[PDB]
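Understanding the architecture of this molecule
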Amino acid sequence: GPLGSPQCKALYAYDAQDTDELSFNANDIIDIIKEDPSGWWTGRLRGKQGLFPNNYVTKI
Ligand SMILES: NCCCCCCCCN
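Residues numbered from 1 in each chain as written, not as in the entry; some residues may be left out. Heavy atoms only, no water.

- In terms of determination method and resolution, the entry is listed under X-ray crystallography at 1.50 Å.

- The protein chain carries the name MYOSIN 1E SH3 in the PDB entry, which gives Mus musculus as its organism.
- Listed in the archive, the entry goes by the title "Myosin 1e SH3".

1. What to know about the site of the ligand
- Taken together, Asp-18, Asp-20, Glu-21, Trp-40 and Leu-51 make up the full set of residues near the ligand.
- Contacts to the ligand include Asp-20, whose side-chain N or O atom sits 2.7 Å from a nitrogen atom.
- Between the ligand and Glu-21, the relevant distance is 2.7 Å, taken from a nitrogen atom to a side-chain nitrogen or oxygen of the residue.
- In isolation the ligand has 350 Å² of accessible area, and contact with the protein removes 54% of it. (Near = heavy atom within 4 Å. Polar contact = N/O pair within 3.5 Å; in protein donor to acceptor, adjacent residues only side chain to side chain. Areas by Shrake-Rupley, 256 points an atom, 1.4 Å probe, with all protein chains shown as cover.)

2. Quick word on the pairing of strand 4 (residues 48-53)
- With 6 bridges connecting them, strand 3 (residues 40-45) and strand 4 associate as antiparallel partners. Each bridged residue has a counterpart across the sheet, and for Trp-40 the counterpart in strand 4 is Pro-53. (Pairing = 2+ DSSP bridges. Helix = DSSP H or I, 4+ residues; strand = E, 2+ residues; numbered from the N terminus.)

3. Examining the pattern of salt bridges
- Following the criterion strictly, the structure yields 2 salt bridges and no others.
- A salt bridge links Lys-59 to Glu-35; its shortest N-O distance comes to 2.5 Å. Taken together, the residues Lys-59 in strand 5 (residues 57-59) and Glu-35 in strand 2 (residues 29-35) connect sequence positions 24 residues apart.
- A relative accessible area of 40% places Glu-35 in the partly exposed class. (Salt bridge = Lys/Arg side-chain N within 4 Å of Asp/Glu carboxyl O. Buried < 20%, exposed > 50% of the residue type's maximum accessible area, 1.4 Å probe, protein only.)

4. Points about the sheet that holds strand 4
- Taken together, the 5 strands give an open sheet; going across it, the order is 4-3-2-1-5, and neighbouring strands pair in antiparallel fashion. Only two strands of the sheet have a single neighbouring strand rather than two, namely strand 4 and strand 5. Going from strand to strand, the sheet's axes swing by 40° on average, the running direction of each strand aside.
- In terms of strand pairing, strand 1 (residues 7-10) meets strand 2 through 3 bridges, oriented antiparallel. Residue pairing in the sheet places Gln-7 in a bridge with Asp-31 of strand 2. (Axes fitted to C-alpha atoms, helices over the stretch in contact; angles between N-to-C directions.)

5. Overview of the pairing of strand 2
- When strand 2 meets strand 3, the two strands line up antiparallel, connected through 4 bridges. Bridging from a neighbouring strand, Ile-32 pairs with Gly-43 of strand 3.
- Between strand 2 and the antiparallel strand that follows it, strand 3, lie 4 residues; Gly-39 among them carries a positive phi value of about 95°.

This is the structure:
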């Protein structure tokens, strides 16, 4: 593609609340794998994959 694969930048830190969730720090860059319509997106960051709330991030 002309652009990289989709990413977003965390606006706020998120601490996973379940085993299927992803934790990250504010300003972390997350690779987006899936964008569920609920806003629970699937991301990868530093050797972790998991669900995270999209209201904590901004697409870049
Ligand atoms: N712990 C996250 C639960 C929220 C539900 C995520 C939706 C996944 C749908 N495959």
